[PDB]
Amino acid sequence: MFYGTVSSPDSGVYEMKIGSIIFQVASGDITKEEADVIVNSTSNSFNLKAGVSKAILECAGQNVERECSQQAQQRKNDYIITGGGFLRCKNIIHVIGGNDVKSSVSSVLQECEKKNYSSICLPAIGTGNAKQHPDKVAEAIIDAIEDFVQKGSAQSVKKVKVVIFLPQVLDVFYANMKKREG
């Protein structure tokens, strides 16, 4: 009821519509992206600095690191929202890589609608330090977007892009998009 056709609008970028949302995947360095929200995949202490999290916390800067540890010591959080620091975004949403990936992506979408944001960029959440399997992660990310659209929740959100560190993981995402296409 929701999926469009898979195509390539730019070299190495693959896209398809899911309802009103353009869903894109590409390999590369997420810290060079511009979007309303960039997602970080981190530990339950919000202070991992290994893999994608290292790149994100180093580029964002020390004020963002301090925002993370301050919120961490205030309550038990499933995720936290900070400033963008020196990343090209309005906010970073830091999710726990070991948590249910569908749940994490649902929360990111909801928070973006609350702020009337249009664009999101995320990594292949949980495939690094958390060692979740790449096709289970791809299935969960795309399932969350489908559910959000099915419920009529997409209003401000128009683009969701996964920027993936390993080309081998990109290949898994592309196969999952082809499975779903109209």
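In this text, residue numbers run from 1 along the sequence as written.
Visitor: Which has the higher mean CA temperature factor in the PDB entry, 68-76 or 86-94?
Guide: Comparing 86-94 with 68-76, the higher mean C-alpha B-factor belongs to 68-76.
Visitor: Between 100-108 and 77-85, name whichever shows the higher mean Cα B factor according to the PDB entry.
Guide: Going by the record's values, the stretch with the higher mean is 77-85.
Visitor: Looking at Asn44, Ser41, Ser119, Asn116, which has the biggest Cα B factor in the entry?
Guide: Going by the entry's C-alpha B-factors, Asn44 comes out highest.
Visitor: With respect to the C-alpha temperature factors reported in the PDB entry, which of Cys59, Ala140, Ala26, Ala124 ranks highest?
Guide: Spelled out: the listed residue with the top C-alpha B-factor is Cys59.
Visitor: Test of reading the entry: by CA B factor among the chain's modelled residues, which third contains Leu170?
Guide: Its C-alpha B-factor, which the entry lists for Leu170, ranks in the middle third among residues of this chain.
Visitor: Could you place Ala144 in the lowest, middle or highest third of its chain by Cα temperature factor, using the values in the record?
Guide: Its C-alpha B-factor, which the entry lists for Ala144, ranks in the lowest third among residues of this chain.
Visitor: With respect to C-alpha B-factor, does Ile30 fall in the lowest, middle or highest third of the chain as deposited?
Guide: Ranked within chain, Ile30 CA B lands in the middle tercile.
Visitor: What third of its chain, lowest, middle or highest, does the C-alpha temperature factor of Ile22 fall into?
Guide: Lowest third - that is where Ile22 ends up once the chain's C-alpha B-factors are sorted.
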